[PDB]
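Participant: Attaching a single structure in C-alpha coordinates format; questions to follow.
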Amino acid sequence: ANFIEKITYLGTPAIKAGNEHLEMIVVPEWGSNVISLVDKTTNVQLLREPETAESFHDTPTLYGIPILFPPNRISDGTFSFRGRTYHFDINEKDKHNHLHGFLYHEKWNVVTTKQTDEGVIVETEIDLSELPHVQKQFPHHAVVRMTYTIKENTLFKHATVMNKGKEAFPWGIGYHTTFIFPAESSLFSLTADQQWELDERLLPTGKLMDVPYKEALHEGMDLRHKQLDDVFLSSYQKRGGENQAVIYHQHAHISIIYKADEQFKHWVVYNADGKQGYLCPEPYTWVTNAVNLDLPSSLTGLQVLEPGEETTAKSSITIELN
(Lines give C-alpha, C1' and ligand atoms only; values in the text may rest on other atoms or scores of the structure.)
Protein backbone atom coordinates (compact mmCIF):
# COMPACT_ATOMS: atom_id res chain seq x y z
CA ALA A 1 0.00 0.00 0.00
CA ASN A 2 1.29 3.45 -0.88
CA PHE A 3 0.23 7.07 -1.11
CA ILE A 4 0.93 10.48 -2.55
CA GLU A 5 -0.21 13.60 -0.68
CA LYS A 6 0.20 17.25 -1.65
CA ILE A 7 1.45 19.32 1.29
CA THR A 8 2.99 22.67 2.20
CA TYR A 9 6.57 22.52 3.51
CA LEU A 10 7.84 25.68 5.20
CA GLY A 11 5.45 27.71 3.01
CA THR A 12 6.33 25.96 -0.28
CA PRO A 13 4.31 23.31 -2.25
CA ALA A 14 5.74 19.84 -1.88
CA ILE A 15 4.88 16.22 -2.40
CA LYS A 16 4.81 13.62 0.31
CA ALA A 17 4.92 10.04 -0.89
CA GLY A 18 5.55 6.62 0.63
CA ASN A 19 4.48 3.20 1.77
CA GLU A 20 4.29 1.40 5.11
CA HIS A 21 8.14 1.45 5.47
CA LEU A 22 9.37 4.83 4.23
CA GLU A 23 8.02 8.31 3.56
CA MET A 24 9.75 11.10 1.58
CA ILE A 25 8.92 14.71 0.88
CA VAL A 26 10.25 16.27 -2.31
CA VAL A 27 10.10 20.02 -2.90
CA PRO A 28 10.10 20.70 -6.66
CA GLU A 29 10.50 24.48 -6.35
CA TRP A 30 13.61 23.90 -4.20
CA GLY A 31 15.84 22.21 -6.85
CA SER A 32 13.68 19.09 -6.53
CA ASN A 33 15.24 18.52 -3.12
CA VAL A 34 14.17 15.41 -1.21
CA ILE A 35 14.03 17.36 2.03
CA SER A 36 12.73 14.60 4.32
CA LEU A 37 13.10 10.83 4.46
CA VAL A 38 11.39 9.03 7.34
CA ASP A 39 11.68 5.45 8.46
CA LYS A 40 8.10 4.57 9.46
CA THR A 41 8.60 1.62 11.79
CA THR A 42 11.10 3.48 14.06
CA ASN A 43 9.54 6.85 13.13
CA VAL A 44 13.05 8.37 12.70
CA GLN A 45 13.96 11.27 10.35
CA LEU A 46 17.08 10.31 8.31
CA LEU A 47 17.85 13.63 6.56
CA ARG A 48 18.90 17.00 7.96
CA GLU A 49 15.89 19.36 7.53
CA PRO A 50 15.99 23.16 7.60
CA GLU A 51 14.60 25.13 10.58
CA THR A 52 13.10 27.78 8.33
CA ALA A 53 12.61 28.59 4.68
CA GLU A 54 15.24 31.27 4.99
CA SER A 55 17.85 28.97 6.51
CA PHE A 56 17.37 26.63 3.50
CA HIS A 57 17.86 29.46 1.01
CA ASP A 58 20.96 30.37 2.99
CA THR A 59 22.57 26.93 2.46
CA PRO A 60 20.45 24.97 -0.11
CA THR A 61 23.14 22.30 -0.55
CA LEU A 62 23.26 21.41 3.17
CA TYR A 63 19.78 19.93 3.72
CA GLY A 64 17.97 16.96 2.29
CA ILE A 65 19.20 15.60 -1.08
CA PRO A 66 20.47 18.59 -3.16
CA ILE A 67 21.15 17.92 -6.92
CA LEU A 68 24.65 18.88 -8.13
CA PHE A 69 24.74 19.20 -11.96
CA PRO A 70 27.68 19.32 -12.35
CA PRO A 71 28.95 18.47 -8.84
CA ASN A 72 31.63 20.31 -6.86
CA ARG A 73 34.33 22.63 -8.23
CA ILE A 74 35.38 23.87 -11.70
CA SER A 75 38.57 25.98 -11.43
CA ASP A 76 37.90 29.59 -12.40
CA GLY A 77 34.55 28.36 -13.67
CA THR A 78 36.41 27.64 -16.93
CA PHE A 79 37.09 24.61 -19.13
CA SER A 80 37.15 23.61 -22.77
CA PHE A 81 35.29 20.78 -24.51
CA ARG A 82 36.03 19.74 -28.08
CA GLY A 83 37.78 23.07 -28.88
CA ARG A 84 35.15 25.29 -27.26
CA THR A 85 35.73 27.36 -24.06
CA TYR A 86 33.03 27.70 -21.33
CA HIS A 87 32.73 30.20 -18.45
CA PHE A 88 30.47 29.27 -15.52
CA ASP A 89 29.73 31.80 -12.68
CA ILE A 90 32.41 31.95 -10.00
CA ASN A 91 30.17 31.61 -6.90
CA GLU A 92 33.00 30.35 -4.60
CA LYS A 93 35.06 33.54 -4.42
CA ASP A 94 37.81 32.75 -1.95
CA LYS A 95 38.84 29.66 -3.94
CA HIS A 96 37.96 31.19 -7.33
CA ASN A 97 35.73 28.37 -8.46
CA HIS A 98 32.35 27.61 -9.86
CA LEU A 99 30.71 25.37 -7.25
CA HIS A 100 27.84 22.88 -7.36
CA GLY A 101 26.32 23.51 -10.76
CA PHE A 102 23.04 24.81 -12.04
CA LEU A 103 20.05 23.05 -10.48
CA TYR A 104 19.92 22.99 -6.64
CA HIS A 105 18.22 26.42 -6.51
CA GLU A 106 15.90 26.30 -9.53
CA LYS A 107 12.19 25.30 -9.92
CA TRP A 108 11.63 21.81 -11.31
CA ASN A 109 8.26 20.65 -12.71
CA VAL A 110 6.46 17.49 -11.57
CA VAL A 111 6.06 15.60 -14.78
CA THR A 112 4.29 12.51 -13.44
CA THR A 113 3.42 10.26 -10.55
CA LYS A 114 2.52 6.58 -10.67
CA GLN A 115 1.37 4.06 -8.05
CA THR A 116 1.05 0.27 -8.32
CA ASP A 117 1.98 -2.86 -6.37
CA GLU A 118 5.55 -2.12 -7.47
CA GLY A 119 5.64 1.08 -5.40
CA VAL A 120 5.12 4.78 -5.74
CA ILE A 121 6.92 6.94 -8.32
CA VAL A 122 7.38 10.71 -8.39
CA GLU A 123 9.14 12.23 -11.43
CA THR A 124 10.48 15.79 -11.63
CA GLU A 125 12.21 17.49 -14.54
CA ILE A 126 14.02 20.63 -15.57
CA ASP A 127 14.92 21.82 -19.04
CA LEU A 128 18.09 23.97 -18.91
CA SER A 129 17.14 25.60 -22.25
CA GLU A 130 14.36 27.35 -20.36
CA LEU A 131 16.85 29.03 -17.93
CA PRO A 132 18.27 32.13 -19.65
CA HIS A 133 21.15 32.71 -17.17
CA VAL A 134 22.17 29.03 -17.31
CA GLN A 135 22.16 29.26 -21.16
CA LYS A 136 24.63 32.18 -21.07
CA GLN A 137 26.99 29.82 -19.18
CA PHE A 138 26.13 26.47 -20.82
CA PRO A 139 24.37 27.01 -24.20
CA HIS A 140 23.09 23.44 -24.56
CA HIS A 141 19.70 21.83 -24.45
CA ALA A 142 20.29 19.52 -21.53
CA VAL A 143 17.21 18.16 -19.76
CA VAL A 144 17.38 16.35 -16.41
CA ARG A 145 14.60 14.14 -15.11
CA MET A 146 14.57 12.60 -11.59
CA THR A 147 12.69 9.39 -11.03
CA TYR A 148 12.05 8.70 -7.34
CA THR A 149 10.59 5.26 -6.48
CA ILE A 150 9.73 3.96 -3.04
CA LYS A 151 9.37 0.18 -3.02
CA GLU A 152 9.57 -1.86 0.17
CA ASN A 153 12.44 -0.38 2.33
CA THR A 154 14.26 1.46 -0.49
CA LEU A 155 14.13 4.91 -2.05
CA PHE A 156 15.42 4.60 -5.65
CA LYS A 157 16.67 7.90 -7.04
CA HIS A 158 17.49 7.84 -10.82
CA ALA A 159 18.65 10.71 -12.93
CA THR A 160 18.06 10.64 -16.68
CA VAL A 161 20.14 13.23 -18.59
CA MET A 162 19.09 14.11 -22.16
CA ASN A 163 20.66 16.04 -25.00
CA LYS A 164 17.73 17.58 -26.84
CA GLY A 165 20.04 20.04 -28.67
CA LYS A 166 22.22 20.24 -31.79
CA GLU A 167 25.68 19.77 -30.24
CA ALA A 168 27.39 17.31 -27.85
CA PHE A 169 28.05 18.27 -24.20
CA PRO A 170 29.93 16.80 -21.24
CA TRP A 171 28.00 16.17 -18.04
CA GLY A 172 28.27 14.76 -14.53
CA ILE A 173 25.86 14.64 -11.61
CA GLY A 174 26.17 14.20 -7.85
CA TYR A 175 24.03 14.51 -4.75
CA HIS A 176 24.81 16.49 -1.63
CA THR A 177 22.72 14.11 0.47
CA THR A 178 22.82 15.34 4.10
CA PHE A 179 22.08 12.65 6.69
CA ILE A 180 21.59 13.19 10.41
CA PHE A 181 24.84 11.85 12.00
CA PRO A 182 25.23 12.01 15.79
CA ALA A 183 28.98 11.95 16.22
CA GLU A 184 28.90 10.00 19.45
CA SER A 185 26.81 7.04 18.36
CA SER A 186 26.82 6.63 14.55
CA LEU A 187 29.21 4.67 12.31
CA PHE A 188 30.19 5.21 8.67
CA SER A 189 31.61 2.88 6.02
CA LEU A 190 32.59 3.55 2.36
CA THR A 191 33.74 1.33 -0.54
CA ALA A 192 36.99 3.19 -1.29
CA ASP A 193 40.75 2.39 -1.05
CA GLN A 194 42.13 5.62 -2.60
CA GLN A 195 41.37 9.33 -2.60
CA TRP A 196 42.29 12.28 -4.78
CA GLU A 197 45.02 14.59 -3.59
CA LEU A 198 43.62 18.15 -3.38
CA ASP A 199 45.29 21.53 -3.41
CA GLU A 200 44.45 24.56 -1.29
CA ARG A 201 41.54 25.40 -3.67
CA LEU A 202 40.07 21.91 -3.11
CA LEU A 203 40.95 20.95 -6.70
CA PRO A 204 42.55 17.61 -7.60
CA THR A 205 46.29 17.74 -8.33
CA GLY A 206 45.77 14.64 -10.50
CA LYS A 207 47.41 12.22 -8.05
CA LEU A 208 45.74 9.41 -6.08
CA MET A 209 46.84 8.35 -2.58
CA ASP A 210 45.99 5.40 -0.39
CA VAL A 211 43.50 5.91 2.41
CA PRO A 212 45.67 4.77 5.40
CA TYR A 213 42.60 3.90 7.55
CA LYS A 214 40.94 2.09 4.63
CA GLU A 215 40.23 -1.10 6.72
CA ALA A 216 38.29 0.83 9.35
CA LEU A 217 36.56 2.79 6.52
CA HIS A 218 35.41 -0.46 4.90
CA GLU A 219 34.18 -1.98 8.15
CA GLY A 220 32.44 0.92 9.79
CA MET A 221 34.16 3.60 11.83
CA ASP A 222 33.29 6.51 14.11
CA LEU A 223 34.06 10.06 12.90
CA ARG A 224 34.76 11.72 16.28
CA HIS A 225 37.60 14.24 15.87
CA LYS A 226 37.72 13.75 12.09
CA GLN A 227 36.94 16.63 9.74
CA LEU A 228 36.21 15.46 6.23
CA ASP A 229 35.92 17.24 2.96
CA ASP A 230 37.51 14.46 0.97
CA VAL A 231 37.20 13.20 -2.64
CA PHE A 232 37.38 9.36 -2.45
CA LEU A 233 37.67 7.10 -5.48
CA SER A 234 35.11 4.27 -5.39
CA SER A 235 36.92 0.92 -5.19
CA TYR A 236 34.37 -0.58 -7.62
CA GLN A 237 36.19 0.27 -10.87
CA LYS A 238 39.35 -1.61 -9.65
CA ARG A 239 38.11 -4.29 -7.24
CA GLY A 240 34.41 -4.83 -8.08
CA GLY A 241 32.14 -5.75 -5.14
CA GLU A 242 29.82 -3.01 -3.87
CA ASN A 243 29.67 0.74 -4.46
CA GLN A 244 28.09 2.27 -1.38
CA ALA A 245 28.25 4.35 1.75
CA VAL A 246 26.70 2.92 4.95
CA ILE A 247 25.54 4.89 8.03
CA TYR A 248 24.71 2.88 11.17
CA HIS A 249 22.69 4.48 14.01
CA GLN A 250 23.61 2.59 17.14
CA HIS A 251 20.56 3.39 19.27
CA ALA A 252 17.64 2.50 17.02
CA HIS A 253 19.78 -0.12 15.13
CA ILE A 254 19.13 1.40 11.72
CA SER A 255 21.44 0.79 8.70
CA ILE A 256 21.20 3.31 5.86
CA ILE A 257 22.69 1.65 2.75
CA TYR A 258 23.32 4.29 0.06
CA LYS A 259 24.20 2.34 -3.16
CA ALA A 260 25.22 3.92 -6.50
CA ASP A 261 25.74 2.32 -9.91
CA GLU A 262 29.03 2.01 -11.83
CA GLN A 263 28.85 5.57 -13.20
CA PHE A 264 29.22 6.91 -9.69
CA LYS A 265 33.02 6.77 -9.59
CA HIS A 266 33.74 9.06 -6.69
CA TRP A 267 32.39 9.89 -3.24
CA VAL A 268 32.89 13.22 -1.53
CA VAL A 269 32.47 12.91 2.26
CA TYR A 270 31.84 16.22 4.05
CA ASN A 271 31.01 16.87 7.75
CA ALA A 272 32.09 20.54 8.16
CA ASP A 273 33.81 20.70 11.61
CA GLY A 274 32.31 17.41 12.80
CA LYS A 275 30.21 19.18 15.49
CA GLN A 276 27.22 20.01 13.29
CA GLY A 277 25.45 16.69 13.78
CA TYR A 278 25.36 15.79 10.08
CA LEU A 279 27.27 13.84 7.33
CA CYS A 280 27.14 14.21 3.54
CA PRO A 281 28.39 11.04 1.65
CA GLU A 282 28.06 12.48 -1.85
CA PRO A 283 28.23 10.07 -4.83
CA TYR A 284 29.47 11.78 -8.03
CA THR A 285 29.63 10.51 -11.59
CA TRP A 286 32.67 12.65 -12.15
CA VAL A 287 35.54 13.85 -10.00
CA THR A 288 35.88 17.46 -8.89
CA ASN A 289 37.10 19.55 -11.88
CA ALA A 290 36.87 16.52 -14.22
CA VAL A 291 36.42 18.84 -17.18
CA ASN A 292 39.98 20.11 -16.72
CA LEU A 293 41.85 16.85 -16.20
CA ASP A 294 43.79 15.20 -19.01
CA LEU A 295 43.10 11.69 -17.58
CA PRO A 296 41.07 8.79 -18.97
CA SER A 297 37.32 8.92 -18.72
CA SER A 298 37.29 5.49 -16.98
CA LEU A 299 39.05 7.32 -14.10
CA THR A 300 37.57 10.83 -14.07
CA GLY A 301 34.08 9.59 -14.94
CA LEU A 302 33.53 12.38 -17.49
CA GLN A 303 30.61 11.52 -19.74
CA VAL A 304 29.39 13.00 -23.04
CA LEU A 305 25.94 13.04 -24.61
CA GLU A 306 25.74 13.42 -28.41
CA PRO A 307 22.59 15.10 -29.86
CA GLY A 308 19.54 12.88 -29.21
CA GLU A 309 21.25 10.68 -26.61
CA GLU A 310 20.23 9.98 -23.00
CA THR A 311 21.78 8.35 -19.97
CA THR A 312 20.28 7.15 -16.70
CA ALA A 313 22.54 7.12 -13.61
CA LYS A 314 21.16 5.04 -10.74
CA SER A 315 21.42 5.24 -6.93
CA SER A 316 19.29 4.20 -4.02
CA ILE A 317 18.88 4.48 -0.19
CA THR A 318 17.75 1.33 1.64
CA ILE A 319 16.74 1.43 5.27
CA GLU A 320 17.45 -1.82 7.11
CA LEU A 321 16.23 -2.55 10.62
CA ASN A 322 18.76 -4.70 12.50
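Chain lettering (A, B, ...) mirrors the order of the C-alpha coordinates, residue numbering begins at 1 for each chain separately, and ligand numbering begins at 1 in order of display.
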Write out as a list in words all residues of segment 129-278 of chain A that DSSP puts in helix (DSSP H, G or I) for this structure's backbone.
Facilitator: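 DSSP-assigned helix (DSSP H, G or I) residues in segment 129-278 of chain A: residues 129, 130, 132, 133, 134, 135, 136, 137, 214, 215, 216, 217, 218, 219, 236, 237, 238 and 239 of chain A.
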Participant: Write out as a ChimeraX atom specification which residues come within 10 Å of segment 217-232 of chain A when counting only C-alpha atoms, dropping same-chain ones fewer than 4 positions away.
Facilitator: /A:72,181-198,202-204,208-213,245-248,265-275,279-284,287-288
Participant: Can you tell me which residues surround segment 9-26 of chain A at a distance of at most 8 Å, considering only C-alpha atoms, apart from same-chain residues fewer than 4 positions away, and format the answer as a VMD selection string?
Facilitator: chain A and resid 1 to 5 32 to 41 52 to 53 119 to 120 122 150 to 155
Participant: Point out the residue among A:31, A:315, A:149, A:206 with the least atom-to-atom distance to residue 296 of chain A, counting only C-alpha atoms.
Facilitator: A:206
Participant: With distances taken over only C-alpha atoms, which residue among A:48, A:95, A:166, A:251 lies nearest residue 76 of chain A?
Facilitator: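 Of A:48, A:95, A:166, A:251, the one nearest residue 76 of chain A, counting only C-alpha atoms, is A:95.
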Participant: Rounded to one decimal place, report the atom CA of residue 47 of chain A-atom CA of residue 312 of chain A distance in Å.
Facilitator: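 Interatomic distance, atom CA of residue 47 of chain A to atom CA of residue 312 of chain A: 24.3 Å.
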Participant: According to DSSP computed on the backbone, where in segment 28-149 of chain A is there strand (DSSP E or B)? Give the residues as a PyMOL selection string.
Facilitator: chain A and resi 33-39+44-45+47+67-69+73-75+78-81+84-87+92+97-99+101+109-116+119-127+142-149
Participant: Name the closest residue to residue 126 of chain A among the candidates A:96, A:107, A:83, A:63; distances are taken between atoms, counting only C-alpha atoms.
Facilitator: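 Among A:96, A:107, A:83, A:63, it is A:107 that comes nearest to residue 126 of chain A.
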Participant: Compile the contact shell of segment 134-140 of chain A as a PyMOL selection string: residues with an atom at most 9 Å away, counting only C-alpha atoms, same-chain residues fewer than 3 positions apart removed.
Facilitator: chain A and resi 86-89+102+128-131+163-169
Participant: Quick one: everything within 8 Å of residue 243 of chain A, counting only C-alpha atoms, minus sequence neighbours fewer than 3 positions away in the same chain. Send it as a ChimeraX atom specification.
Facilitator: /A:190-191,234-236,259-262
Participant: Calculated over only C-alpha atoms, which of the candidates A:123, A:320, A:176, A:49 has the smallest distance to residue 100 of chain A?
Facilitator: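 Closest residue, counting only C-alpha atoms: A:176.
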